[PDB]
Each structure stands twice: as structure tokens, then as C-alpha cells.
């Protein structure tokens, strides 16, 4: 017997359980994995931390900054200095201190028009009810790719825009409804907030990585509250409480918080069954496709050449890269992503085949010293059974307006959390925490 069972020890699950323990209520956290952090995962390699999942926090992300300060974790800034390389479908790799300077006069004007036109739509989309936007019906009936085609923008602008879209959504402009993209932009506070390093979501990292931050949040839970290696298979409820079925136990609670990715929330045996609109919503919330990698070098060699370690390649399998070198200055790390179709193709291949593809791109852009590789570590989040895709769900056309209203509504004694339910910074560590705080409040109120 306990008051609240939380399913998932992500930042959402942990946030909710901690709020509930502090109001003095009994709480169990059932986590499928042998660890906490979920879509945040940190491993120790070559005497430093390797963030295989979520790794960056930025300005406007007040909850994860508050949590990092409170638990004693310091931040370091994402290296920003030196030349970025851009390589288009044709021509040579271009060096410039800013990605923007690679574009022509007419092209940069078109890219800022496009970015401004998109934020204007974004500001009309309510964060708590994207389906109540005044033009929701037409915006949900259109892909992001069809809207971009409609603006009359040249190919080289649509090219670099699509690299940024796949970097942010882990999906192509063709998979996303315009309304989903608009809502996501609005939830971040604009396009600059999503794409920028300095003054944006990629500004800062955590010293020791992010999974350690989660492990400190877990330490604040009482002894016996956290149950690792304990998948939830079943969730029954009646007029008196909820029974959670695991591999060979039942837990009884008054109320429940499900804090898993949408695709996984639908895989649980609900009794009674979930109402129709909520089951179909989960079927219309597919997770993205990403393979995150780190290429390990003895030194961050590109710094001496005046390079940032950032390359941008619209016509390549690798979208975008960052200097991932820790504050000590060694080892050298180049961090990068396969996004969307490129992630699905590379997930079918071996780690070693994926290493060869990454190093070929870097040799052509950063230079020949990209081949002196000390190690290669990557992670296909589509292959993780307890995530089934990063960064989080996108919604294709027709999904927000028809099924979307069932996103947060509790079903009897069962409440929903996870970053996909957040109003602000949806898809980010920040959004997960907001979601944990909301769900804890609804539950604390209802127990009363």
C-alpha cells in the first residue's frame, strides 16, 4: 500500500515523486532500466564523461538551471570560437566565423524572412491548447515542407533550413504538421532559441554530464522508494485505487503518474482500456530518429587550425557537429548526429560502418587529421527498448486538432507526465521537469 506510484525514473518521473515525498505522502517509482535518467545517459570513457542522450541547457530553461544550482552541479559553456565549415551539394567547403556568412546577400535576407514568418505563426499557437489556435484547422492540414515550398525561397536556403529542422525535430519537414512545428517554436520562445549556441538551447553543458544530476535528484527520495529493473506491464484501476502489475508482483496505490514516452505509455495493459481518443493520439505521436555520436581524439587538433569543430552539410548523412571537448581541454571530442532518414539507414549498419561514414565527412570538411581517431562511441535511441526514439514525439498532419486534446486530461486515477506534455520547452529536460511539477499538483489536490 502507497499513495502514489510513478512509472518512469526520467527527469519527469523523479520531479513528480520528489514533490509527492515532500508533502509527506508515500511514493513508489517503478523504472524499467538498471538506472535513472531515461533519455539522459552518461558513461565514463578516456577519463571524461560521455553524454549519450540529453546534454545541453540554455537561457529561458529556468527549471533545469534551478535544479542544477540546488543539487550543486556547475555548468561549462559550449565552445563557440573559431570558423564553422558549411558544405552545400555543390562547390567547396566554406570557412566563416558564422554559418550565416556562408549565404549570399539575397539568401540571408530570404532565411531571416522565413524564420520571422514561422515565429509569427508560432506566437498565435497557445502552448496549453495548440488546437485552439484560430487557423488550427488549415495549419494542422499542412506539412512544414509544403509551407516552406509556399514561401518562394531558393534551394540553398531550404537546404540549410532543413538541416536545422532535422537537428531540432529528428524528423524531416515532410513528417511534421505546420501546427506541430509552430507550437514547438513557441514553446522554446522562438527560432533563435532553438538554433543558437550563445543565447540559445545549446549554450551550456553540465560538469560530469546529466545522468549524475538525475542520480542526485533520486538520492533526495527516501530509501525503498526507487525500484530499478522493474518494468510496469499492467495498470488496473477501480473506485478505490490502482494495481500495478510487474514481472511477478502487484503494487497497490490510490493514484498513478505515468511518465514514459507516448509510444511506451500505449504499450501498457490498461484496465479498463484507455478511452478511444487517447489510444489513437499515442498512435499519432511517433518518436524521432537520431543516432548521437562522439569521435575521440588525443587533442582538440582543429582549434589550432582556427576551426570551431562545427561543420554543416545539407547533402550528407551527418547533419551538424559540435566541439564536445571537456574543460580540461583533452581528450578532443567531435559530437554529431544522424537525423531522420539518415539515422534509420545508419541504425541498420554496424558501429564500425557508422564510424567510417562520420570520419569520411569530417576528413572532407575539418581536414585529413580527422582520420587519426582514438575512439568512436555512438547510440541509436530508436534501438533502446525503453525509449524507441529521440529526442521525443512529433505529430504529423491532422493529429493535433483531432486527437491532441487528450494529451494531459487524466483518465480516472491515472495522470500523465513526460516532456511531451510540457507547455514550455516541450522536448527538452526543462519540459520534463515542468511536467513532473504539474502532475504532482493534480494528484496532491485529488488525494485531498
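Residue numbers count along the first chain shown, from 1.
Between the stretches 276 to 284 and 112 to 120, it is 112 to 120 that shows the larger average CA temperature factor.
The question of which stretch, 297 to 305 or 337 to 345, has the higher mean Cα B factor is settled in favour of 297 to 305. You'll see in the entry that, of 179, 218, 357, 174, the Cα B factor peaks at 218. Of the candidates 31, 384, 420, 43, the one whose C-alpha carries the top B factor in the deposited record is 43.
Annotation for residue 16: CA B-factor lies in the middle third of the chain's modelled residues. The deposited CA B-factor of residue 5 belongs to the middle third of values across its chain. Per-chain ranking of the deposited C-alpha B factor places residue 162 in the middle third. Among the modelled residues of its chain, residue 27 has a C-alpha B-factor that falls in the highest third according to the deposited record. Residue-level temperature factors show residue 368 in the highest third of its chain, judged at the C-alpha atom.
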